Structure formats: C-alpha cells, structure tokens
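Shown below: coords10.pdb, with PDB, N, CA, C and O atoms.
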ATOM      1  N   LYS A   1     -43.963  -3.756 -16.767  1.00  0.00           N
ATOM      2  CA  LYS A   1     -44.062  -5.136 -17.225  1.00  0.00           C
ATOM      3  C   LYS A   1     -44.709  -6.018 -16.161  1.00  0.00           C
ATOM      4  O   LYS A   1     -44.527  -5.798 -14.964  1.00  0.00           O
ATOM      5  N   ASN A   2     -45.464  -7.017 -16.606  1.00  0.00           N
ATOM      6  CA  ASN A   2     -46.137  -7.933 -15.691  1.00  0.00           C
ATOM      7  C   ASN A   2     -45.287  -9.174 -15.441  1.00  0.00           C
ATOM      8  O   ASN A   2     -45.403  -9.821 -14.400  1.00  0.00           O
ATOM      9  N   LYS A   3     -44.430  -9.501 -16.403  1.00  0.00           N
ATOM     10  CA  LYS A   3     -43.558 -10.664 -16.288  1.00  0.00           C
ATOM     11  C   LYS A   3     -42.808 -10.653 -14.959  1.00  0.00           C
ATOM     12  O   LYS A   3     -41.846  -9.905 -14.786  1.00  0.00           O
ATOM     13  N   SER A   4     -43.254 -11.487 -14.026  1.00  0.00           N
ATOM     14  CA  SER A   4     -42.625 -11.571 -12.713  1.00  0.00           C
ATOM     15  C   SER A   4     -41.748 -12.814 -12.609  1.00  0.00           C
ATOM     16  O   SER A   4     -42.182 -13.853 -12.109  1.00  0.00           O
ATOM     17  N   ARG A   5     -40.512 -12.701 -13.083  1.00  0.00           N
ATOM     18  CA  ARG A   5     -39.573 -13.815 -13.045  1.00  0.00           C
ATOM     19  C   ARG A   5     -38.375 -13.486 -12.161  1.00  0.00           C
ATOM     20  O   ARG A   5     -37.548 -14.351 -11.870  1.00  0.00           O
ATOM     21  N   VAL A   6     -38.285 -12.229 -11.738  1.00  0.00           N
ATOM     22  CA  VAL A   6     -37.188 -11.785 -10.887  1.00  0.00           C
ATOM     23  C   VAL A   6     -37.709 -11.181  -9.588  1.00  0.00           C
ATOM     24  O   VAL A   6     -36.944 -10.933  -8.656  1.00  0.00           O
ATOM     25  N   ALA A   7     -39.015 -10.948  -9.534  1.00  0.00           N
ATOM     26  CA  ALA A   7     -39.640 -10.375  -8.348  1.00  0.00           C
ATOM     27  C   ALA A   7     -38.868 -10.747  -7.086  1.00  0.00           C
ATOM     28  O   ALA A   7     -38.324  -9.880  -6.402  1.00  0.00           O
ATOM     29  N   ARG A   8     -38.826 -12.040  -6.785  1.00  0.00           N
ATOM     30  CA  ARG A   8     -38.123 -12.527  -5.604  1.00  0.00           C
ATOM     31  C   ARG A   8     -37.049 -13.540  -5.991  1.00  0.00           C
ATOM     32  O   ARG A   8     -37.177 -14.732  -5.713  1.00  0.00           O
ATOM     33  N   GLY A   9     -35.990 -13.057  -6.633  1.00  0.00           N
ATOM     34  CA  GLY A   9     -34.910 -13.934  -7.048  1.00  0.00           C
ATOM     35  C   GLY A   9     -34.889 -15.234  -6.270  1.00  0.00           C
ATOM     36  O   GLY A   9     -34.359 -15.293  -5.161  1.00  0.00           O
ATOM     37  N   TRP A  10     -35.466 -16.279  -6.851  1.00  0.00           N
ATOM     38  CA  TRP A  10     -35.513 -17.585  -6.205  1.00  0.00           C
ATOM     39  C   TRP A  10     -34.375 -18.475  -6.691  1.00  0.00           C
ATOM     40  O   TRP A  10     -34.574 -19.352  -7.530  1.00  0.00           O
ATOM     41  N   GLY A  11     -33.178 -18.242  -6.160  1.00  0.00           N
ATOM     42  CA  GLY A  11     -32.025 -19.030  -6.553  1.00  0.00           C
ATOM     43  C   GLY A  11     -31.902 -20.314  -5.757  1.00  0.00           C
ATOM     44  O   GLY A  11     -30.896 -21.017  -5.850  1.00  0.00           O
ATOM     45  N   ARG A  12     -32.928 -20.621  -4.970  1.00  0.00           N
ATOM     46  CA  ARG A  12     -32.929 -21.828  -4.150  1.00  0.00           C
ATOM     47  C   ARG A  12     -33.280 -23.053  -4.989  1.00  0.00           C
ATOM     48  O   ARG A  12     -32.430 -23.903  -5.253  1.00  0.00           O
ATOM     49  N   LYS A  13     -34.539 -23.139  -5.405  1.00  0.00           N
ATOM     50  CA  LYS A  13     -35.005 -24.258  -6.213  1.00  0.00           C
ATOM     51  C   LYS A  13     -35.389 -23.795  -7.615  1.00  0.00           C
ATOM     52  O   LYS A  13     -34.546 -23.733  -8.511  1.00  0.00           O
ATOM     53  N   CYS A  14     -36.664 -23.470  -7.797  1.00  0.00           N
ATOM     54  CA  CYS A  14     -37.159 -23.011  -9.089  1.00  0.00           C
ATOM     55  C   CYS A  14     -36.722 -21.575  -9.361  1.00  0.00           C
ATOM     56  O   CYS A  14     -37.008 -20.657  -8.592  1.00  0.00           O
ATOM     57  N   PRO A  15     -36.010 -21.375 -10.480  1.00  0.00           N
ATOM     58  CA  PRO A  15     -35.516 -20.052 -10.878  1.00  0.00           C
ATOM     59  C   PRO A  15     -36.642 -19.119 -11.310  1.00  0.00           C
ATOM     60  O   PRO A  15     -36.548 -17.902 -11.154  1.00  0.00           O
ATOM     61  N   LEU A  16     -37.708 -19.698 -11.854  1.00  0.00           N
ATOM     62  CA  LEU A  16     -38.853 -18.917 -12.309  1.00  0.00           C
ATOM     63  C   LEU A  16     -40.130 -19.366 -11.606  1.00  0.00           C
ATOM     64  O   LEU A  16     -40.793 -20.308 -12.042  1.00  0.00           O
ATOM     65  N   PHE A  17     -40.473 -18.683 -10.519  1.00  0.00           N
ATOM     66  CA  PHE A  17     -41.672 -19.010  -9.757  1.00  0.00           C
ATOM     67  C   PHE A  17     -42.928 -18.574 -10.505  1.00  0.00           C
ATOM     68  O   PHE A  17     -43.945 -19.267 -10.490  1.00  0.00           O
ATOM     69  N   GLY A  18     -42.850 -17.420 -11.159  1.00  0.00           N
ATOM     70  CA  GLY A  18     -43.985 -16.909 -11.905  1.00  0.00           C
ATOM     71  C   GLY A  18     -44.396 -17.829 -13.037  1.00  0.00           C
ATOM     72  O   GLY A  18     -45.463 -17.660 -13.628  1.00  0.00           O
TER      73      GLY A  18
END

As structure tokens, what does this structure read like?
Amino acid sequence: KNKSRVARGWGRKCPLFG
C-alpha cells in the first residue's frame, strides 16, 4: 500500500502527515 498515514506515527501535532 502507498497510503502513508502511519509511516512515522506523528502523535505530536498532525496525526496524518501524508
């Protein structure tokens, strides 16, 4: 899958960097 929404779990600010 190309959907990169968990690649680098960004629980700091934006949850979905991709």

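Relative to atom N of residue 16 of chain A, atom CA of residue 2 of chain A is found at 15.0 Å.
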
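Distance-wise, atom C of residue 1 of chain A and atom CA of residue 18 of chain A end up 11.7 Å apart.
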
Polymer residues at most 8 Å from (-38.5, -17.3, -13.0) by all atoms listed in the file, as a tab-separated table (two decimals) with N, CA, C and O atoms, keeping the file's coordinate frame:
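Result file follows (point_34.tsv):
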chain	number	residue	atom	x	y	z
A	4	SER	N	-43.25	-11.49	-14.03
A	4	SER	CA	-42.62	-11.57	-12.71
A	4	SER	C	-41.75	-12.81	-12.61
A	4	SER	O	-42.18	-13.85	-12.11
A	5	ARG	N	-40.51	-12.70	-13.08
A	5	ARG	CA	-39.57	-13.82	-13.04
A	5	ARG	C	-38.38	-13.49	-12.16
A	5	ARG	O	-37.55	-14.35	-11.87
A	6	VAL	N	-38.28	-12.23	-11.74
A	6	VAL	CA	-37.19	-11.78	-10.89
A	6	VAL	C	-37.71	-11.18	-9.59
A	6	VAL	O	-36.94	-10.93	-8.66
A	7	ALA	N	-39.02	-10.95	-9.53
A	7	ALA	CA	-39.64	-10.38	-8.35
A	7	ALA	C	-38.87	-10.75	-7.09
A	7	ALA	O	-38.32	-9.88	-6.40
A	8	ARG	N	-38.83	-12.04	-6.78
A	8	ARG	CA	-38.12	-12.53	-5.60
A	8	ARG	C	-37.05	-13.54	-5.99
A	8	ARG	O	-37.18	-14.73	-5.71
A	9	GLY	N	-35.99	-13.06	-6.63
A	9	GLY	CA	-34.91	-13.93	-7.05
A	9	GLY	C	-34.89	-15.23	-6.27
A	9	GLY	O	-34.36	-15.29	-5.16
A	10	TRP	N	-35.47	-16.28	-6.85
A	10	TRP	CA	-35.51	-17.58	-6.20
A	10	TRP	C	-34.38	-18.48	-6.69
A	10	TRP	O	-34.57	-19.35	-7.53
A	14	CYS	N	-36.66	-23.47	-7.80
A	14	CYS	CA	-37.16	-23.01	-9.09
A	14	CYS	C	-36.72	-21.58	-9.36
A	14	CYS	O	-37.01	-20.66	-8.59
A	15	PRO	N	-36.01	-21.38	-10.48
A	15	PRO	CA	-35.52	-20.05	-10.88
A	15	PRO	C	-36.64	-19.12	-11.31
A	15	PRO	O	-36.55	-17.90	-11.15
A	16	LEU	N	-37.71	-19.70	-11.85
A	16	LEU	CA	-38.85	-18.92	-12.31
A	16	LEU	C	-40.13	-19.37	-11.61
A	16	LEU	O	-40.79	-20.31	-12.04
A	17	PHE	N	-40.47	-18.68	-10.52
A	17	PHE	CA	-41.67	-19.01	-9.76
A	17	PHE	C	-42.93	-18.57	-10.50
A	17	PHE	O	-43.94	-19.27	-10.49
A	18	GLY	N	-42.85	-17.42	-11.16
A	18	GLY	CA	-43.98	-16.91	-11.90
A	18	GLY	C	-44.40	-17.83	-13.04
A	18	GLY	O	-45.46	-17.66	-13.63
